[PDB]
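K.L.:
What follows is target_4.txt, compact mmCIF, C-alpha atoms.
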```txt
# COMPACT_ATOMS: atom_id res chain seq x y z
CA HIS A 2 -130.51 -189.59 -136.48
CA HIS A 3 -133.18 -188.25 -134.10
CA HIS A 4 -133.28 -186.48 -130.72
CA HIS A 5 -135.11 -188.07 -127.75
CA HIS A 6 -136.18 -187.30 -124.19
CA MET A 7 -134.56 -184.50 -122.25
CA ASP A 8 -132.24 -184.16 -125.21
CA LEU A 9 -135.12 -183.37 -127.58
CA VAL A 10 -136.59 -180.90 -125.07
CA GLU A 11 -133.31 -179.07 -125.42
CA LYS A 12 -132.89 -179.06 -129.18
CA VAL A 13 -136.28 -177.34 -129.04
CA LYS A 14 -135.81 -174.82 -126.24
CA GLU A 15 -132.68 -174.07 -128.28
CA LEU A 16 -134.37 -173.38 -131.64
CA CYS A 17 -136.64 -171.06 -129.62
CA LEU A 18 -133.64 -168.85 -129.00
CA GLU A 19 -132.46 -168.95 -132.60
CA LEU A 20 -135.97 -167.64 -133.25
CA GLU A 21 -135.34 -164.88 -130.72
CA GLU A 22 -138.14 -166.35 -128.61
CA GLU A 23 -136.81 -165.91 -125.07
CA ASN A 24 -139.93 -166.29 -123.00
CA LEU A 25 -141.15 -169.17 -125.17
CA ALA A 26 -138.13 -171.18 -123.98
CA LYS A 27 -138.42 -169.94 -120.39
CA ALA A 28 -141.94 -171.33 -120.51
CA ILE A 29 -140.78 -174.71 -121.78
CA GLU A 30 -138.50 -174.84 -118.73
CA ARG A 31 -141.25 -173.73 -116.36
CA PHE A 32 -143.58 -176.28 -117.95
CA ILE A 33 -141.17 -179.23 -117.84
CA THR A 34 -140.38 -178.00 -114.32
CA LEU A 35 -143.93 -178.67 -113.11
CA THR A 36 -144.27 -181.90 -115.11
CA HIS A 37 -141.97 -183.32 -112.40
CA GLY A 38 -144.41 -185.13 -110.15
CA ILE A 39 -146.60 -186.60 -112.93
CA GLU A 40 -143.64 -188.92 -113.30
CA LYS A 41 -144.04 -190.99 -110.13
CA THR A 42 -147.77 -190.52 -109.69
CA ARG A 43 -148.89 -191.37 -113.28
CA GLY A 44 -145.87 -193.07 -114.74
CA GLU A 45 -143.40 -192.29 -117.49
CA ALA A 46 -145.54 -192.49 -120.62
CA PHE A 47 -148.08 -190.09 -119.15
CA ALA A 48 -145.24 -187.76 -118.23
CA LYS A 49 -143.79 -187.88 -121.72
CA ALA A 50 -147.13 -187.57 -123.49
CA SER A 51 -147.78 -184.28 -121.67
CA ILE A 52 -144.45 -182.71 -122.48
CA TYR A 53 -144.08 -184.18 -125.99
CA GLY A 54 -147.60 -182.95 -126.74
CA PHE A 55 -146.87 -179.55 -125.30
CA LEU A 56 -143.76 -179.33 -127.49
CA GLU A 57 -145.93 -180.43 -130.38
CA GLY A 58 -148.22 -177.51 -129.69
CA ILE A 59 -145.37 -175.02 -129.82
CA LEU A 60 -143.45 -176.34 -132.85
CA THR A 61 -146.87 -176.37 -134.50
CA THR A 62 -147.78 -172.70 -134.22
CA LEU A 63 -144.17 -171.56 -134.63
CA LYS A 64 -144.26 -173.33 -137.99
CA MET A 65 -146.64 -170.54 -138.96
CA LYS A 66 -144.73 -167.42 -137.91
CA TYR A 67 -141.49 -168.82 -139.35
CA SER A 68 -140.38 -171.42 -141.93
CA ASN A 69 -136.99 -172.92 -141.07
CA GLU A 70 -135.82 -176.43 -141.84
CA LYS A 71 -135.24 -176.88 -138.11
CA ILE A 72 -138.88 -176.53 -137.03
CA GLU A 73 -140.23 -179.10 -139.46
CA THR A 74 -137.32 -181.44 -138.73
CA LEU A 75 -137.88 -181.18 -134.96
CA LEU A 76 -141.67 -181.21 -135.14
CA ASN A 77 -141.52 -184.52 -137.03
CA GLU A 78 -138.94 -185.74 -134.51
CA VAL A 79 -141.08 -184.84 -131.46
CA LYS A 80 -144.11 -186.26 -133.30
CA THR A 81 -142.27 -189.59 -133.49
CA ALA A 82 -141.39 -189.44 -129.78
CA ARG A 83 -145.09 -189.08 -129.03
CA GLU A 84 -146.07 -191.96 -131.23
CA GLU A 85 -143.60 -194.24 -129.52
CA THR A 86 -144.64 -193.07 -126.06
CA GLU A 87 -148.32 -193.82 -126.34
CA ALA A 88 -147.99 -197.12 -128.22
CA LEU A 89 -148.50 -200.18 -126.01
CA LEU A 90 -146.56 -203.42 -126.21
CA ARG A 91 -149.31 -205.98 -125.67
CA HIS B 2 -166.18 -169.22 -116.25
CA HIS B 3 -164.26 -172.41 -117.13
CA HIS B 4 -164.57 -174.73 -120.12
CA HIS B 5 -163.71 -178.41 -120.30
CA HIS B 6 -163.22 -181.38 -122.57
CA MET B 7 -164.39 -181.12 -126.16
CA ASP B 8 -165.82 -177.78 -125.28
CA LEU B 9 -162.57 -176.14 -124.13
CA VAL B 10 -160.97 -177.68 -127.21
CA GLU B 11 -163.62 -176.02 -129.34
CA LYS B 12 -163.29 -172.65 -127.63
CA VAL B 13 -159.57 -172.85 -128.52
CA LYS B 14 -159.86 -173.96 -132.12
CA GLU B 15 -162.20 -170.96 -132.18
CA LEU B 16 -159.71 -168.36 -130.89
CA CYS B 17 -157.44 -169.57 -133.70
CA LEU B 18 -159.79 -168.46 -136.43
CA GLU B 19 -160.49 -165.23 -134.54
CA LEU B 20 -156.72 -164.82 -134.75
CA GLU B 21 -156.66 -165.53 -138.48
CA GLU B 22 -154.85 -168.86 -138.04
CA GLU B 23 -157.10 -171.26 -139.99
CA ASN B 24 -154.27 -173.74 -140.61
CA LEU B 25 -153.74 -173.83 -136.84
CA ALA B 26 -157.38 -174.74 -136.21
CA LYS B 27 -157.00 -177.35 -138.92
CA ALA B 28 -154.01 -178.72 -137.00
CA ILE B 29 -155.96 -179.10 -133.75
CA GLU B 30 -158.73 -180.88 -135.63
CA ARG B 31 -156.02 -183.23 -136.83
CA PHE B 32 -154.53 -183.61 -133.35
CA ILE B 33 -157.87 -184.34 -131.72
CA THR B 34 -158.62 -186.81 -134.54
CA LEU B 35 -155.29 -188.59 -134.02
CA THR B 36 -155.76 -188.80 -130.27
CA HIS B 37 -158.70 -191.03 -131.23
CA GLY B 38 -157.87 -194.42 -129.77
CA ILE B 39 -155.54 -193.16 -127.03
CA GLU B 40 -158.51 -192.75 -124.67
CA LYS B 41 -159.37 -196.36 -125.50
CA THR B 42 -155.80 -197.66 -125.37
CA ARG B 43 -154.25 -195.60 -122.51
CA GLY B 44 -157.18 -194.11 -120.66
CA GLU B 45 -158.93 -190.78 -120.39
CA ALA B 46 -156.42 -188.84 -118.31
CA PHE B 47 -153.75 -189.78 -120.80
CA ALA B 48 -155.82 -188.75 -123.79
CA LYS B 49 -156.67 -185.58 -121.89
CA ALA B 50 -153.20 -184.70 -120.65
CA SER B 51 -152.01 -185.40 -124.20
CA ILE B 52 -154.43 -183.05 -125.95
CA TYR B 53 -154.47 -180.38 -123.21
CA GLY B 54 -150.69 -180.24 -123.25
CA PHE B 55 -150.83 -179.71 -126.98
CA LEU B 56 -153.43 -176.95 -126.64
CA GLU B 57 -151.38 -175.28 -123.93
CA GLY B 58 -148.33 -175.42 -126.18
CA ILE B 59 -150.19 -173.70 -128.99
CA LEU B 60 -151.63 -171.14 -126.63
CA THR B 61 -148.34 -170.46 -124.81
CA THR B 62 -146.66 -169.58 -128.12
CA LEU B 63 -149.48 -167.38 -129.49
CA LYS B 64 -149.35 -165.47 -126.22
CA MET B 65 -145.85 -164.60 -127.43
CA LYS B 66 -147.49 -162.82 -130.38
CA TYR B 67 -150.99 -161.30 -130.30
CA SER B 68 -152.26 -159.79 -127.05
CA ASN B 69 -155.94 -160.77 -126.67
CA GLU B 70 -157.48 -161.17 -123.24
CA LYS B 71 -158.88 -164.45 -124.51
CA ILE B 72 -155.47 -166.13 -124.92
CA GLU B 73 -154.32 -165.67 -121.32
CA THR B 74 -157.84 -166.78 -120.38
CA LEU B 75 -157.90 -169.94 -122.44
CA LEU B 76 -154.45 -170.65 -121.10
CA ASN B 77 -155.25 -170.63 -117.38
CA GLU B 78 -158.28 -172.69 -118.35
CA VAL B 79 -156.13 -175.26 -120.14
CA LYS B 80 -153.52 -175.37 -117.38
CA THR B 81 -156.28 -175.88 -114.78
CA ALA B 82 -157.85 -178.73 -116.77
CA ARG B 83 -154.43 -180.29 -117.19
CA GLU B 84 -153.75 -179.99 -113.48
CA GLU B 85 -157.07 -181.55 -112.45
CA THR B 86 -156.61 -184.32 -115.01
CA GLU B 87 -153.20 -185.30 -113.66
CA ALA B 88 -154.18 -185.20 -109.99
CA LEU B 89 -154.78 -188.57 -108.32
CA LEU B 90 -157.50 -189.22 -105.79
CA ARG B 91 -155.51 -190.77 -102.93
CA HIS C 1 -156.24 -168.59 -110.26
CA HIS C 2 -154.85 -171.26 -107.89
CA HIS C 3 -157.12 -174.33 -108.04
CA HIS C 4 -156.58 -177.46 -105.99
CA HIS C 5 -157.08 -180.97 -107.32
CA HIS C 6 -157.71 -184.57 -106.33
CA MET C 7 -156.43 -185.75 -102.96
CA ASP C 8 -154.93 -182.32 -102.35
CA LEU C 9 -158.27 -180.50 -102.74
CA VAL C 10 -159.84 -183.18 -100.56
CA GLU C 11 -157.10 -182.47 -98.09
CA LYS C 12 -157.81 -178.76 -98.20
CA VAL C 13 -161.49 -179.29 -97.45
CA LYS C 14 -160.70 -181.44 -94.41
CA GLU C 15 -158.30 -178.79 -93.19
CA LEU C 16 -160.92 -176.06 -93.56
CA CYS C 17 -163.27 -178.19 -91.44
CA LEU C 18 -160.64 -178.14 -88.72
CA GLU C 19 -160.15 -174.39 -89.04
CA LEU C 20 -163.89 -174.34 -88.25
CA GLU C 21 -163.89 -176.70 -85.25
CA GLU C 22 -165.93 -179.13 -87.34
CA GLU C 23 -163.94 -182.26 -86.58
CA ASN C 24 -166.39 -185.14 -86.82
CA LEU C 25 -167.01 -183.68 -90.28
CA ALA C 26 -163.34 -183.79 -91.25
CA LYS C 27 -163.36 -187.27 -89.72
CA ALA C 28 -166.43 -188.10 -91.85
CA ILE C 29 -164.69 -187.19 -95.11
CA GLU C 30 -161.88 -189.66 -94.41
CA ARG C 31 -164.51 -192.25 -93.60
CA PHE C 32 -166.09 -191.43 -96.98
CA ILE C 33 -162.93 -191.32 -99.12
CA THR C 34 -161.85 -194.65 -97.59
CA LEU C 35 -165.12 -196.55 -98.00
CA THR C 36 -164.95 -195.62 -101.71
CA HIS C 37 -161.50 -196.81 -102.81
CA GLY C 38 -162.46 -199.81 -104.94
CA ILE C 39 -164.88 -197.74 -107.05
CA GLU C 40 -161.90 -196.55 -109.08
CA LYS C 41 -161.04 -200.17 -109.77
CA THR C 42 -164.51 -201.02 -111.08
CA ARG C 43 -165.89 -197.78 -112.56
CA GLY C 44 -162.75 -195.78 -113.10
CA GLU C 45 -161.33 -192.45 -112.06
CA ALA C 46 -163.99 -189.97 -113.29
CA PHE C 47 -166.69 -191.92 -111.46
CA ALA C 48 -164.55 -192.11 -108.32
CA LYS C 49 -163.82 -188.41 -108.53
CA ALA C 50 -167.45 -187.53 -109.29
CA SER C 51 -168.60 -189.22 -106.11
CA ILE C 52 -166.00 -187.70 -103.80
CA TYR C 53 -166.22 -184.23 -105.38
CA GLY C 54 -169.99 -184.20 -105.35
CA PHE C 55 -169.68 -185.23 -101.73
CA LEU C 56 -167.36 -182.34 -100.96
CA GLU C 57 -169.77 -179.96 -102.69
CA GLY C 58 -172.55 -181.18 -100.44
CA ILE C 59 -170.33 -180.56 -97.42
CA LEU C 60 -169.06 -177.17 -98.60
CA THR C 61 -172.60 -176.10 -99.46
CA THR C 62 -174.32 -176.81 -96.17
CA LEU C 63 -171.46 -175.12 -94.27
CA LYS C 64 -171.67 -172.01 -96.45
CA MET C 65 -175.12 -171.81 -94.83
CA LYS C 66 -173.66 -171.90 -91.31
CA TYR C 67 -170.44 -169.86 -91.52
CA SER C 68 -169.21 -166.89 -93.58
CA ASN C 69 -165.48 -167.65 -93.99
CA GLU C 70 -164.52 -166.66 -97.56
CA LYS C 71 -162.38 -169.82 -97.67
CA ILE C 72 -165.65 -171.76 -98.02
CA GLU C 73 -166.85 -170.20 -101.29
CA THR C 74 -163.32 -170.06 -102.65
CA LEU C 75 -163.05 -173.77 -101.86
CA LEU C 76 -166.57 -174.57 -103.06
CA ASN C 77 -165.79 -173.02 -106.43
CA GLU C 78 -162.76 -175.35 -106.91
CA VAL C 79 -164.61 -178.57 -106.08
CA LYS C 80 -167.33 -177.39 -108.47
CA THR C 81 -164.64 -176.60 -111.06
CA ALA C 82 -163.04 -180.04 -110.56
CA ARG C 83 -166.39 -181.79 -110.90
CA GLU C 84 -167.02 -180.11 -114.18
CA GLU C 85 -163.64 -181.01 -115.64
CA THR C 86 -164.08 -184.58 -114.44
CA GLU C 87 -167.44 -184.98 -116.10
CA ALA C 88 -166.46 -183.37 -119.39
CA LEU C 89 -165.60 -185.64 -122.35
CA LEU C 90 -163.61 -185.19 -125.55
CA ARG C 91 -166.38 -185.82 -128.14
CA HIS D 1 -189.72 -201.94 -95.50
CA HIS D 2 -189.67 -199.65 -98.56
CA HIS D 3 -187.08 -196.89 -99.01
CA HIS D 4 -186.72 -193.76 -101.20
CA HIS D 5 -184.78 -193.85 -104.47
CA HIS D 6 -183.65 -191.35 -107.11
CA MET D 7 -185.90 -188.32 -107.61
CA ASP D 8 -187.95 -189.11 -104.52
CA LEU D 9 -184.78 -189.40 -102.49
CA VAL D 10 -183.78 -186.00 -103.83
CA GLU D 11 -187.16 -184.69 -102.70
CA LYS D 12 -187.33 -186.27 -99.27
CA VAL D 13 -183.92 -184.63 -98.58
CA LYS D 14 -184.85 -181.32 -100.17
CA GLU D 15 -187.93 -181.56 -97.99
CA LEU D 16 -186.01 -182.21 -94.78
CA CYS D 17 -184.02 -179.03 -95.45
CA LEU D 18 -187.19 -176.99 -95.58
CA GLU D 19 -188.46 -178.57 -92.36
CA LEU D 20 -185.20 -177.29 -90.84
CA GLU D 21 -185.53 -173.71 -92.07
CA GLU D 22 -182.62 -174.10 -94.47
CA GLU D 23 -184.38 -173.38 -97.74
CA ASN D 24 -181.24 -171.98 -99.33
CA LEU D 25 -179.75 -175.40 -98.77
CA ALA D 26 -182.87 -176.69 -100.49
CA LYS D 27 -182.54 -174.26 -103.38
CA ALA D 28 -178.97 -175.53 -103.81
CA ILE D 29 -180.06 -179.14 -104.26
CA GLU D 30 -182.44 -177.69 -106.83
CA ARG D 31 -179.74 -175.93 -108.78
CA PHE D 32 -177.27 -178.79 -108.37
CA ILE D 33 -179.74 -181.18 -109.97
CA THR D 34 -180.43 -178.72 -112.80
CA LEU D 35 -176.74 -178.40 -113.64
CA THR D 36 -176.34 -182.20 -113.53
CA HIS D 37 -178.74 -182.92 -116.42
CA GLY D 38 -177.04 -184.08 -119.63
CA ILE D 39 -174.22 -185.78 -117.75
CA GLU D 40 -176.61 -188.73 -117.63
CA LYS D 41 -176.39 -189.01 -121.43
CA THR D 42 -172.62 -188.63 -121.54
CA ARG D 43 -171.33 -190.67 -118.58
CA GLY D 44 -174.24 -192.99 -118.05
CA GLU D 45 -176.88 -193.30 -115.39
CA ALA D 46 -174.71 -194.84 -112.70
CA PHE D 47 -172.44 -191.81 -113.01
CA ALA D 48 -175.17 -189.18 -112.72
CA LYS D 49 -176.63 -190.95 -109.68
CA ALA D 50 -173.28 -191.29 -107.90
CA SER D 51 -172.59 -187.54 -108.13
CA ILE D 52 -176.04 -186.47 -106.94
CA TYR D 53 -176.14 -189.06 -104.16
CA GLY D 54 -172.63 -188.22 -103.01
CA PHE D 55 -173.84 -184.64 -103.03
CA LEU D 56 -176.86 -185.53 -100.93
CA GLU D 57 -174.76 -187.54 -98.47
CA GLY D 58 -172.35 -184.64 -98.19
CA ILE D 59 -175.27 -182.52 -97.05
CA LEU D 60 -176.95 -185.15 -94.87
CA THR D 61 -173.55 -185.69 -93.26
CA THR D 62 -172.68 -182.14 -92.35
CA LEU D 63 -176.35 -181.54 -91.50
CA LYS D 64 -176.17 -184.29 -88.91
CA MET D 65 -173.45 -182.17 -87.28
CA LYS D 66 -176.05 -179.61 -86.14
CA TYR D 67 -179.36 -181.40 -85.55
CA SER D 68 -180.53 -184.53 -83.72
CA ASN D 69 -183.43 -185.19 -86.12
CA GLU D 70 -184.15 -188.91 -86.42
CA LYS D 71 -185.02 -188.34 -90.08
CA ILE D 72 -181.45 -187.32 -90.97
CA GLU D 73 -179.85 -190.58 -89.84
CA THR D 74 -182.40 -192.65 -91.71
CA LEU D 75 -182.38 -190.29 -94.67
CA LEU D 76 -178.60 -190.71 -94.61
CA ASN D 77 -178.55 -194.51 -94.53
CA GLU D 78 -180.99 -194.43 -97.46
CA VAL D 79 -178.75 -192.28 -99.62
CA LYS D 80 -175.93 -194.60 -98.58
CA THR D 81 -177.88 -197.63 -99.79
CA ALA D 82 -178.76 -195.96 -103.07
CA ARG D 83 -175.07 -195.43 -103.71
CA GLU D 84 -173.86 -198.87 -102.72
CA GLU D 85 -176.34 -200.21 -105.26
CA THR D 86 -175.49 -197.65 -107.92
CA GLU D 87 -171.77 -198.23 -107.86
CA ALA D 88 -172.11 -202.05 -107.86
CA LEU D 89 -171.49 -203.78 -111.17
CA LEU D 90 -173.45 -206.73 -112.53
CA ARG D 91 -170.26 -208.38 -113.82
```
What would you get if you wrote out this structure as structure tokens?

P.N.:
Amino acid sequence: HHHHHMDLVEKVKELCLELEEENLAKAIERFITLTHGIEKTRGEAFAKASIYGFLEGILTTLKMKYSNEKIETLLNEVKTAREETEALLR
Amino acid sequence: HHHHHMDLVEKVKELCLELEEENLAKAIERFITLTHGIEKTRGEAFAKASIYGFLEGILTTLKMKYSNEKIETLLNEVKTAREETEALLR
Amino acid sequence: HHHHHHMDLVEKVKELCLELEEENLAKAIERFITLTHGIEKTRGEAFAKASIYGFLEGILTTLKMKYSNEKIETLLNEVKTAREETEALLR
Amino acid sequence: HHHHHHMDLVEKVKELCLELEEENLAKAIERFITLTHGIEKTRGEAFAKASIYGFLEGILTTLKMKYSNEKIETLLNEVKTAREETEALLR
């Protein structure tokens, strides 16, 4: 099992609450909010790489101020989403 | 006073140590190293949006901890570089 | 901060030229951005952006020597800022 | 017919500014060029030249919006030539 896309961006914003990090999550929403145009102008992979990377940033430093199973689990999940996103077919 | 590319990345890995987050700096080094081919494979904006998003994710979370003037500074600098990177010419 | 980028920043500059009566100038930009579309194809984005942005700097700089409107410097700073990001590399 | 290229082109233009009483404009070209120094080593020569030339044309263009000097038009077409050549690929 593994979360993906908008789903994954939620399992994360979520864990941010469990960590009592309110603004952190509000930011994630404000960030994904702006990463709205990128979509059409640059394409889907570019749009995912930004967000997935941004979520990688977070889950990365959180994994320092806390040590839950969740974080690592998610971080590895998001990390996999990134690796799929940038990979090219041909 | 704005930084860019490798430089802005360096001035961020730097704030990490200043913050006593060596592992974090190590992480960025890893991230930047793993971005490696992306620039080749997907392009420069992709590689940039990818790494800048990550840096902004680290920074956005730290800002939810320490309160240095640097952090909010390096943040607006990262967001601005991400914005320019994603903008299209026509 | 509130920096403008790419086509949008270009668009701002043209506008500013209008807000200054300078029309043939605003008309000139379009002429320039148009006669430089393929560049992106052959040299890429950074190169394309470095030509247009440098071009806007040149415009914004000689006007800042004719008028006083704060919008000029504010705008000049952004194009300069955009140039710098565009030319920076990750190594 | 021989035309100006690179550094000399930068000078002829910087010179025209002086002969128009706009030395600040001239000092700008000076500082622009300074700032655009290592870029040559990072993005290549074609890149460095396209930014500086676009910059020069941006000036020559808006300049032309305030003077009837014959030199400007020619000085403009020259910078235009320099660019066309610079951005062209050997393929």

K.L.:
What would you get as a compact mmCIF listing (two decimals) with C-alpha atoms, keeping the file's coordinate frame if chain C were moved onto chain D by least squares over all of its C-alpha atoms in order?

P.N.:
```txt
# COMPACT_ATOMS: atom_id res chain seq x y z
CA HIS C 1 -187.71 -201.22 -94.73
CA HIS C 2 -189.08 -198.32 -96.82
CA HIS C 3 -186.24 -196.90 -98.95
CA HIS C 4 -186.62 -193.97 -101.30
CA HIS C 5 -185.01 -193.78 -104.73
CA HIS C 6 -183.90 -191.43 -107.48
CA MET C 7 -185.76 -188.15 -107.88
CA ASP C 8 -188.09 -189.14 -105.06
CA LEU C 9 -185.26 -189.57 -102.53
CA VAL C 10 -183.79 -186.31 -103.79
CA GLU C 11 -187.19 -184.82 -103.22
CA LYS C 12 -187.31 -186.17 -99.69
CA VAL C 13 -183.96 -184.63 -98.83
CA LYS C 14 -185.06 -181.20 -100.06
CA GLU C 15 -188.22 -181.51 -98.02
CA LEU C 16 -186.27 -182.39 -94.88
CA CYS C 17 -184.18 -179.25 -95.44
CA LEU C 18 -187.40 -177.26 -95.35
CA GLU C 19 -188.59 -179.04 -92.21
CA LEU C 20 -185.32 -177.67 -90.79
CA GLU C 21 -185.62 -174.06 -91.99
CA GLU C 22 -182.61 -174.69 -94.21
CA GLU C 23 -183.99 -173.19 -97.40
CA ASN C 24 -181.00 -171.90 -99.33
CA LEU C 25 -179.79 -175.48 -98.90
CA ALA C 26 -182.94 -176.98 -100.41
CA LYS C 27 -182.57 -174.28 -103.06
CA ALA C 28 -178.93 -175.37 -103.54
CA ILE C 29 -179.87 -178.98 -104.26
CA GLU C 30 -182.15 -177.93 -107.12
CA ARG C 31 -179.34 -175.76 -108.41
CA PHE C 32 -177.11 -178.86 -108.24
CA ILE C 33 -179.51 -181.41 -109.75
CA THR C 34 -180.21 -178.97 -112.61
CA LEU C 35 -176.61 -178.05 -113.46
CA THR C 36 -175.96 -181.81 -113.82
CA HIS C 37 -178.63 -182.98 -116.28
CA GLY C 38 -176.49 -183.63 -119.35
CA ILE C 39 -174.10 -185.89 -117.41
CA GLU C 40 -176.59 -188.72 -117.86
CA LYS C 41 -176.41 -188.15 -121.60
CA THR C 42 -172.62 -188.41 -121.72
CA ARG C 43 -171.63 -190.71 -118.84
CA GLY C 44 -174.86 -192.51 -118.16
CA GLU C 45 -177.21 -193.06 -115.26
CA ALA C 46 -174.93 -194.63 -112.60
CA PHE C 47 -172.47 -191.75 -112.98
CA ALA C 48 -175.30 -189.21 -112.82
CA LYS C 49 -176.73 -190.91 -109.77
CA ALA C 50 -173.32 -191.28 -108.12
CA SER C 51 -172.74 -187.54 -108.31
CA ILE C 52 -176.15 -186.47 -107.01
CA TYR C 53 -176.27 -189.16 -104.30
CA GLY C 54 -172.75 -188.47 -103.13
CA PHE C 55 -173.81 -184.85 -103.03
CA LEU C 56 -176.83 -185.64 -100.89
CA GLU C 57 -174.62 -187.67 -98.55
CA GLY C 58 -172.37 -184.67 -98.11
CA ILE C 59 -175.41 -182.55 -97.29
CA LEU C 60 -177.02 -185.11 -94.98
CA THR C 61 -173.71 -185.66 -93.21
CA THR C 62 -172.84 -182.09 -92.32
CA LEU C 63 -176.41 -181.50 -91.07
CA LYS C 64 -176.30 -184.61 -88.88
CA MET C 65 -173.56 -182.59 -87.15
CA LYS C 66 -175.87 -179.61 -86.59
CA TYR C 67 -179.28 -181.14 -85.78
CA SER C 68 -180.52 -184.34 -84.12
CA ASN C 69 -183.73 -185.10 -86.05
CA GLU C 70 -183.87 -188.89 -86.56
CA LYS C 71 -185.15 -188.20 -90.09
CA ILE C 72 -181.56 -187.21 -90.96
CA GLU C 73 -179.88 -190.55 -90.20
CA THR C 74 -182.85 -192.48 -91.56
CA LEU C 75 -182.50 -190.42 -94.74
CA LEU C 76 -178.70 -190.59 -94.77
CA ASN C 77 -178.85 -194.37 -94.65
CA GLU C 78 -181.04 -194.49 -97.82
CA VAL C 79 -178.83 -192.20 -99.90
CA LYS C 80 -175.89 -194.33 -98.76
CA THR C 81 -177.87 -197.46 -99.66
CA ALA C 82 -178.75 -196.01 -103.09
CA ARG C 83 -175.13 -195.07 -103.76
CA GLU C 84 -174.01 -198.57 -103.07
CA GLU C 85 -176.58 -200.17 -105.36
CA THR C 86 -175.71 -197.67 -108.07
CA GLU C 87 -172.02 -198.43 -107.93
CA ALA C 88 -172.39 -202.20 -107.79
CA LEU C 89 -171.89 -204.20 -111.01
CA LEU C 90 -172.97 -207.64 -112.20
CA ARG C 91 -169.53 -209.27 -112.73
```

K.L.:
I'd like the neighbourhood of region 2-11 of chain D as a list in words, where a residue qualifies if any of its atoms comes within 8 Å (using only C-alpha atoms), though same-chain residues fewer than 3 positions away should be ignored.

P.N.:
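Returned residues: residues 14, 15, 29, 49, 56, 78, 79 and 82 of chain D.
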
K.L.:
What's the separation between CA of residue 80 (chain D) and CA of residue 45 (chain D), in Å to one decimal place?

P.N.:
16.9 Å

K.L.:
Can you tell me which residues surround residue 33 (chain B) at a distance of at most 9 Å, considering only C-alpha atoms, apart from same-chain residues fewer than 3 positions away, and format the answer as JSON, numbers by chain?

P.N.:
{"B": [10, 28, 29, 30, 36, 37, 52], "C": [90]}

K.L.:
Quick one: distance from CA of residue 14 (chain A) to CA of residue 48 (chain A) in Å, one decimal?

P.N.:
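CA of residue 14 (chain A) sits 17.9 Å away from CA of residue 48 (chain A).
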
K.L.:
Have a look at CA of residue 34 (chain B) and CA of residue 61 (chain B) and let me know their distance in Å, one decimal.

P.N.:
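According to the coordinates, CA of residue 34 (chain B) and CA of residue 61 (chain B) are separated by 21.6 Å.
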
K.L.:
Could you add N, CA, C and O atoms to region 11-20 of chain D and give me the result as a PDB file, in the coordinates of the input?

P.N.:
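Resulting contents of rebuild.pdb:
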```
ATOM      1  N   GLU D  11    -186.093-185.466-103.310  1.00  0.00           N
ATOM      2  CA  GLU D  11    -187.160-184.690-102.700  1.00  0.00           C
ATOM      3  C   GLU D  11    -187.218-184.850-101.196  1.00  0.00           C
ATOM      4  O   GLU D  11    -187.184-183.861-100.473  1.00  0.00           O
ATOM      5  N   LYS D  12    -187.289-186.079-100.710  1.00  0.00           N
ATOM      6  CA  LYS D  12    -187.330-186.270 -99.270  1.00  0.00           C
ATOM      7  C   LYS D  12    -186.235-185.442 -98.572  1.00  0.00           C
ATOM      8  O   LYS D  12    -186.479-184.853 -97.521  1.00  0.00           O
ATOM      9  N   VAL D  13    -185.038-185.389 -99.156  1.00  0.00           N
ATOM     10  CA  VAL D  13    -183.920-184.630 -98.580  1.00  0.00           C
ATOM     11  C   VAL D  13    -184.149-183.130 -98.733  1.00  0.00           C
ATOM     12  O   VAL D  13    -183.911-182.357 -97.814  1.00  0.00           O
ATOM     13  N   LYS D  14    -184.597-182.728 -99.912  1.00  0.00           N
ATOM     14  CA  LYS D  14    -184.850-181.320-100.170  1.00  0.00           C
ATOM     15  C   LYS D  14    -185.929-180.876 -99.208  1.00  0.00           C
ATOM     16  O   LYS D  14    -185.953-179.740 -98.751  1.00  0.00           O
ATOM     17  N   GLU D  15    -186.816-181.807 -98.892  1.00  0.00           N
ATOM     18  CA  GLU D  15    -187.930-181.560 -97.990  1.00  0.00           C
ATOM     19  C   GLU D  15    -187.455-181.390 -96.558  1.00  0.00           C
ATOM     20  O   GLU D  15    -187.900-180.494 -95.852  1.00  0.00           O
ATOM     21  N   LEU D  16    -186.550-182.263 -96.135  1.00  0.00           N
ATOM     22  CA  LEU D  16    -186.010-182.210 -94.780  1.00  0.00           C
ATOM     23  C   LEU D  16    -185.292-180.877 -94.524  1.00  0.00           C
ATOM     24  O   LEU D  16    -185.269-180.381 -93.398  1.00  0.00           O
ATOM     25  N   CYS D  17    -184.717-180.300 -95.573  1.00  0.00           N
ATOM     26  CA  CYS D  17    -184.020-179.030 -95.450  1.00  0.00           C
ATOM     27  C   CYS D  17    -185.009-177.943 -95.117  1.00  0.00           C
ATOM     28  O   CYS D  17    -184.745-177.086 -94.268  1.00  0.00           O
ATOM     29  N   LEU D  18    -186.148-177.976 -95.800  1.00  0.00           N
ATOM     30  CA  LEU D  18    -187.190-176.990 -95.580  1.00  0.00           C
ATOM     31  C   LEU D  18    -187.700-177.119 -94.154  1.00  0.00           C
ATOM     32  O   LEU D  18    -187.818-176.122 -93.453  1.00  0.00           O
ATOM     33  N   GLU D  19    -187.982-178.343 -93.720  1.00  0.00           N
ATOM     34  CA  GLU D  19    -188.460-178.570 -92.360  1.00  0.00           C
ATOM     35  C   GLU D  19    -187.347-178.339 -91.323  1.00  0.00           C
ATOM     36  O   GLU D  19    -187.424-178.820 -90.196  1.00  0.00           O
ATOM     37  N   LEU D  20    -186.310-177.609 -91.721  1.00  0.00           N
ATOM     38  CA  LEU D  20    -185.200-177.290 -90.840  1.00  0.00           C
ATOM     39  C   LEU D  20    -184.867-175.818 -91.023  1.00  0.00           C
ATOM     40  O   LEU D  20    -183.885-175.316 -90.488  1.00  0.00           O
TER      41      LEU D  20
END
```
